[PDB]
Structures are given as structure tokens and as C-alpha cells.
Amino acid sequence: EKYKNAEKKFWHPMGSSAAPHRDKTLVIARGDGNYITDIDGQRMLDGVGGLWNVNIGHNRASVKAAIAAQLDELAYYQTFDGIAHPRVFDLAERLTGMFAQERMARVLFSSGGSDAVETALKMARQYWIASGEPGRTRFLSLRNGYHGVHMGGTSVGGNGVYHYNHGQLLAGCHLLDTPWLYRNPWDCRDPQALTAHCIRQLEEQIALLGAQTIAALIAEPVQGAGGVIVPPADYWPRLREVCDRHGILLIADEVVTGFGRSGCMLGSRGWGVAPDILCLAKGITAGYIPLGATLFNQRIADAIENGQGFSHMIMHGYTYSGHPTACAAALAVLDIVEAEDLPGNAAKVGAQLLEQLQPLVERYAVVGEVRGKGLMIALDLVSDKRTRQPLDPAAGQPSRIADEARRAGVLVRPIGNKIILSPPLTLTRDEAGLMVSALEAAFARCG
């Protein structure tokens, strides 16, 4: 196959479009199980899980059969006002049943995580208007938080790299510090003291703005793309409490943590917390078909459906909201997740994997720390152990380590100064050891 010399007419998301870098490509040809093979026939463990989303593994027959079945019946029809089809009923009933613990009542379907976030922001605005409180407009989010790249979700993202090239977006969006033990304004390495600092900052910000102007707070139960930041255990419970003091809606961004990666069917549930809104994508279809979903609890659902006048008009949604093929594939994916206890496998093998990575910290100066929860882990590379200053990605050392890991048979993901591990949730003890061995080799080479 001659894709090696092929000219590139598309743009890589999240990469330099400048030559000559633009012309480098790792071209993946085939995937099966938790392994992928490039156009050069070299095979590597898929330590990134696609983009933490191929959580059941590549080429699952049952899911492929579900898609084929639905295509023969009805690949697509719309669900706009008064029209629907069987598959959207099935998954909406299914999703609300799985998250009854969070009193979720209604689903607004979409095609991806940014859709789910964009939907959560605009519908949070609608909830307050239907409740007779149109002053509730502002949004809170956390540093290093990532919520997609639609303009709404871009506006609440806590990493500047996604902002710089696009100008002023939504006004009235405010950032809070994240409870990050490795790097935080207080140099605080104690979890209870760090949670308390962050919550006190949150109350002060709420008071300054006036709670009556704030529509929602959005947060990832484990911050993924920002560097696998695992908050302290009491942070999310005290998040829920503070939002309740002011009636502020709590949006859990579960796009990455949804359906098991961190050890629980929800990251918010894993912390013992019921948010007001759930945002889901990625693993929901295990990447097989684009699908996103935003779930709303009974509180929000009741207000909007009883809203007066135009406030009960839901003028938001997508041509492919509730896509029959997408739903069909989703149902098959959820069956595997529950049947094979993929949340349980993630909690077990992830801990084992995290344990095996700790000696890297002592062995290699460039390894600052290794953190994780379930099967999301980040290796934080620093230039200085004492000050925890990140490596500069422009020097290119993190991708060089990544390349050598790949040559050793395991694809992992550099983001800035951090190597992300996010394999399928079916990862075994054996494969977890393979990942350990390849990173050890990469740091011996390029550490």
C-alpha cells in the first residue's frame, strides 16, 4: 500500500500544520482486539485506546453485527418535533435506567463530546429561563479542564493552547484552580488541605459574582487531556455541597470517565456524587460510530417541560441526534461493558499498572511523578525535580520517548510534557506488563 508517499489533503487535529512536520504520519491500517498495525505491517499495543474510546477493543463481532442489522432496517431517520424511531427509544430508556442513581430523566442525543458539552451549556441557560431566573448566565470551570472545541466548550476550557488562535468567545466564563497535588498555587501536597483551599476559593468567587448570575459549574471527575489530574476524594463531594448552597447546576463531563475508565460506571458516582447533568461520548459506542449524549435530571427536566410560554420550546438539536445506527451500536457496546465488568477490570489492572510504573520515578530524573485512576494515567516529565517545571514540548523530548515506546511495540500519547496511557478497558495483566516494559525501554533510550 502506497500511503507512505501520499499527499495530505486533511488537517490533523491538535498538531502543527507547518512543513515539514505536517508531512510526517504514522498511518494505522488495521485494528483487532487491543492491537493496531500500521501500513508498514508493524504491530503495537494500542496504549491510547484510539482516543480513550475504543474501550471494548477493535473488531468486536457483536457490535459489527448490530450495525449491519440496523443498516438493513433503517440506517437513519430524524427525531425532530413529533417524529422518532425505535432505536432512540431503546437507548434513552437504557441510559436513564443506568443512571437512576443520579435521577437522570431526559437525554438529548448528539454525535460527540463537544456536542454534549455545547448542549449542556445552552440547555443549562434554558433551565434557568424556564425557572424564571434569566439572570443565571455565567459558567464556572477548572484550570486544565477540557470540554471540547465548539465555541461554548472552548470558552470554558482551562488550557490556553486551545484558545490562542480563535479570539474572544463566550463572555462571563470563570476559571477555578484545580485540586492538583503536583502543581498548585499553595505548593500543597496534602489532599484534605488542598481540597479546602480550592473550595474556599470557589465560595469567594461565587460571592464576588453573585450566585444569582451563575448558571452552572462544569468539571471532569478526572481531568483527562489536562494531564490525568485525579482530584482528592473529598473534592467532588464538597463541590456538590457548594453548588447546592446556591442552586448552581453541577455538570459532570463524563466524556472520558463515562462507562468505566476510572473504576466506576461514572466518575461522579465513583466519588459518591450525583451531578445535575451528564456529558457522554467516546466509549459510549466504543468509537465504532460517532455518538454523544447529554442527560438531564428530573429537577431540570421538570422545569423545562413545565416552562411557561416559549421557555418549554427546545430549539436545540442535530440532524444526527438519535442516529439509529449509532444507537444500535451503543446498545451492543453497553452490553459488553456490563457483562465483562469493564469498570471492574479498569480498577484492578490500572492499579497494578500504576504500581509497576512507580520505580520509573526514581530511575529517571525526567520522570516527575506517575498518577492515575483506573485506566487513565499520566507520566509528568519535568526539567527540575524540585520546582516541578514541565519539560518544554518544543524541545521534542516527550515525543521522542513516545516514538521509542512505539518501536518497542506500544503506542502512547504525548500531550505537552506528559505521556498519556489510556488503553482499552479489556487490558489484561499481560498487556499491562508489556506497556511497562516498552516505557522502561523508551526512557533508557530517550530519558
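In this text, residue numbers run from 1 along the sequence as written.
Q: Tell me which stretch has the larger mean Cα B-factor in this entry, 349 to 357 or 252 to 260.
A: Per the deposited B-factors, the answer is 349 to 357.
Q: Between 372 to 380 and 111 to 119, point out the one with the higher average CA B-factor as the PDB entry records it.
A: Here the higher of the two C-alpha B-factor means belongs to 372 to 380.
Q: Just grab whichever of 132, 185, 157, 275 has the top CA B-factor as deposited.
A: Of the options given, 132 has the highest CA B-factor in the PDB entry.
Q: Going by the entry, which of 223, 325, 78, 141 has the most elevated CA B factor?
A: Within the set 223, 325, 78, 141, 223 shows the top C-alpha B-factor.
Q: Would the CA B-factor of residue 389 place it in the lowest, middle or highest third of its chain?
A: Highest third of the chain for residue 389's C-alpha B-factor.
Q: Where does residue 99 sit by CA temperature factor within its chain: lowest, middle or highest third?
A: Highest third of the chain for residue 99's C-alpha B-factor.
Q: Please say which third, lowest, middle or highest, residue 312 falls into when its CA temperature factor is compared across its chain.
A: Middle third.
Q: Could you tell me which third, lowest, middle or highest, the C-alpha B-factor of residue 423 occupies within its chain?
A: Middle third of the chain for residue 423's C-alpha B-factor.
Q: Where does the C-alpha B-factor of residue 205 rank in its chain, lowest, middle or highest third?
A: Highest third.
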